[PDB]
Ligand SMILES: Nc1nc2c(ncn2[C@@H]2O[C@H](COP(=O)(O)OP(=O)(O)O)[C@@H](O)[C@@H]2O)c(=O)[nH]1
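Below, in structure tokens: the form solved without the named molecule, a single chain.
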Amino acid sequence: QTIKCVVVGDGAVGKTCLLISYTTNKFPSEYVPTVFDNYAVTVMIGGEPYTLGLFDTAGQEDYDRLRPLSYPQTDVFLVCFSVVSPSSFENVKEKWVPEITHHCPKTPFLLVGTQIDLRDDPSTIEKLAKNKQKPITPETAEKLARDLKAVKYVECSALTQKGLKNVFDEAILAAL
């Protein structure tokens, strides 16, 4: 059988990067915004092989009516934010969760914190301090996830591949 994943979150959040990191174990050297890309890998669970159809969407504002045409029969959603962009974290609640709720209500969704390698980075922790802000903690995120009302919160670095597989491992579990 097929599993149909759909990945959503603000632009830059590096949604494209997350996917490619996992699927191909390569990081994209160039930033490019996604319109719509469809990658299909194969996963074997308990000896049973499943085509995992991944849907990379636009995190941009322009494609609000073009993006959700990708949603019919979605078995699960990743709802994503950069742990170093409290705006993108805010837009979980505001834009993203509502959107997918409507189109697909009974459909599950995990909360995902991205680019966690940049937490202790001084320069990004500097960039945020210049708007008197700071990095999102797991304590925080996992309150939102429980409340919102996800399957769970997960977090990862597409770069270091820390916690990456697990996100996708839990999604599958969630889907199946």
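All residue numbers refer to positions in the sequence shown, first residue = 1. In this text, rigid core is short for the largest set of C-alphas that superpose within 1.5 Å between two forms.
Keep in mind the form deposited with the named molecule bound is missing from the figure; the text below concerns it.
For this ligand-free form, the site is classified blocked because the named molecule, superimposed from its arrangement in the bound PDB entry, has three or more atoms within 2.4 Å of the backbone and C-beta atoms. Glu142 falls outside the set of residues with a heavy atom inside 4.5 Å of the named molecule in the bound PDB entry. Proximity of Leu118 to the named molecule in the bound PDB entry falls within the 4.5 Å heavy atom cutoff. Although the partner is absent here, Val32 is a contact residue: one of its heavy atoms lies within 4.5 angstroms of the named molecule in the bound PDB entry. Of the residues in 155-171, those that come within 4.5 Å of the named molecule in the bound PDB entry through at least one heavy atom are, in sequence order, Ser157, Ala158, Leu159.
Of the residues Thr140, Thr107, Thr124, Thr34, exactly one exceeds or equals a 2 Å C-alpha shift between this form and the one not shown once the rigid core is aligned, and that residue is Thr34. Compared with the form shown here, the Cα atoms of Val35 and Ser157 move at least 3 Å closer together in the bound PDB entry. Pairwise change in the bound PDB entry: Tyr31 and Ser87 C-alpha atoms lie farther apart than in the shown form, at least 3 Å.
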